[PDB]
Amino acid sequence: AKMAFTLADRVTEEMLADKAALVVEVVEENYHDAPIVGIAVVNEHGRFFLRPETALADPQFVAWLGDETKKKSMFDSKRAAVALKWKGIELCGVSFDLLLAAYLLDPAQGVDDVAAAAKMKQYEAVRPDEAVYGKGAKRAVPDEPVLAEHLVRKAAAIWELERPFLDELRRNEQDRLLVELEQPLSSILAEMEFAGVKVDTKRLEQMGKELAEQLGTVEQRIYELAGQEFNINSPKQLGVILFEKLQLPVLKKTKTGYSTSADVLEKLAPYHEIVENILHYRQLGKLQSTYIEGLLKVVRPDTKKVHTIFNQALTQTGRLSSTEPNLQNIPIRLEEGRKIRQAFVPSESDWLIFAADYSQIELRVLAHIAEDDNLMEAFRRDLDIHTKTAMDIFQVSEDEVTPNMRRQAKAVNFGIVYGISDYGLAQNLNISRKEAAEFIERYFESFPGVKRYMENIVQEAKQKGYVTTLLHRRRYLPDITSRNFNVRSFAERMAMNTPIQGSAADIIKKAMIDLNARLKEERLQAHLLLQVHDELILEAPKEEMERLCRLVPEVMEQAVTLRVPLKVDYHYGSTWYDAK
């Protein structure tokens, strides 16, 4: 059954055809400055395996890799591109990426290796990566014979599957989505990850010391108030002190025991002084453990930079995710945690951080897709949307909107943006499910177009089996027909929400591609560093700020044309914290 192939000791001309399935294997999950364990090439002349030290040192092979006219079909080309970037080798001409193709066809499949993608087309002549490399502490690169056959079989699958995947994408009207959006974006993400973000470790270390001192004081205060020492970070141990020793009331319970979440504690504060201290301890501890220590653990000692990895093929909405470290959830709401951002600095002297974010892109997209007259007019007037929503839902003038009214209207808008259940709205507003649903009803009365869209999209999801975004991204919702209320209701909320969140994702992704092209045309040194859902973070010489103030918002605002304007706010400063 074995697959035939040449275990080459040297690179030959037939290995450099102008079209080929290419495998540049990087086994380590985090591919930054990681080893390339083997190479495989499948083209019209046959199948080949090349040892990396051999191929990567060969002038002809390197040139072939960097020749844009020599087309390669791969799986997760960003992984290979970045690993090659760390070795000073440019990878060009990738015309097809099976990972991105499979992702667009059905993000719910969770395709994470060639075998999984291949199974979509009943092709099983390739093993899953885990079966070959194992997992966890037992993970390891096998002997050359085993490794070589695996890489060749993966290349062979890619070679065979390109056609059927492109054919289905075309049928789904997603061919341009792959070739003009995701694949070009993949190269941009590769550049961003490789560039990395400079971190002021001394600053982070000082904050750590400060936090350590405050945690110590609060910790002792907690033991003092509890009358004994215990592991505060143990919900189980904490639950005993709180609901058994101190007798505080049990307002919420978890599947395994007493709930000790912040929202619960907030309500118990009045009963005992220990509660506020536990809340303070949770805050400080979160910062120390997750943001100070967690960040310091992944900073590269030699360059003092963190090189995140953007997972371009994970979410069912089309949004990107970030890991090692996750730079999409750095504190900002609370001033104490916000200061963490002072640690993210420009990578060069006299450079600054420039941040631009879309203002309410999700609600603007909703106004566009639902064609709601009231919502469109609100944005055409660039009104404060939360105040406007309050005015309509509570039937009052602008002057009559109180701070609490706006907060609740903002919470309602949030629930719409993220498609949360009428139950989740109650939890956030600390009100009853009945009252939460009551607000929703009032919202739809004020925004009849949105109500019509919500009803129509659910019916469409049921009829077609999926929902789509502005750029044709798709999400299958099989649960839309379930006779289980909660399961069905969630599917309905995803039907409503995906076109909103997903279209916003499409827009920012296109903006990134457009921005990179403009920066190059303008010969600016400025470059993208991070993307955080609705915002783009760049760094550039201080001499380029004025031009960026005009260029960045314009490019982002014109990425697509909607029935309402797109608005982009921007700031810049010495640190990410200052780009405020």
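Don't overthink the numbering: it's just position in the shown sequence, from 1.
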query: Mean temperature factor over C-alpha atoms, higher-scoring stretch between 47-55 and 540-548; finding: 47-55
query: Comparing 436-444 with 165-173, the one whose average Cα B-factor in the PDB entry is higher; finding: 436-444
query: From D143, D106, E460, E90, residue of greatest CA B-factor; finding: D143
query: Residue of maximum C-alpha B factor among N497, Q342, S95, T260, per deposited coordinates; finding: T260
query: Chain third (lowest, middle, highest) by recorded CA B-factor, residue given as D399; finding: highest
query: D9 by Cα B-factor - lowest, middle or highest third of the modelled chain; finding: highest
query: Third of chain Cα B-factors occupied by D382; finding: lowest
query: Position of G110 among the chain's modelled residues by C-alpha B-factor, lowest, middle or highest third; finding: middle
query: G216 - Cα temperature factor, lowest/middle/highest third of chain; finding: highest
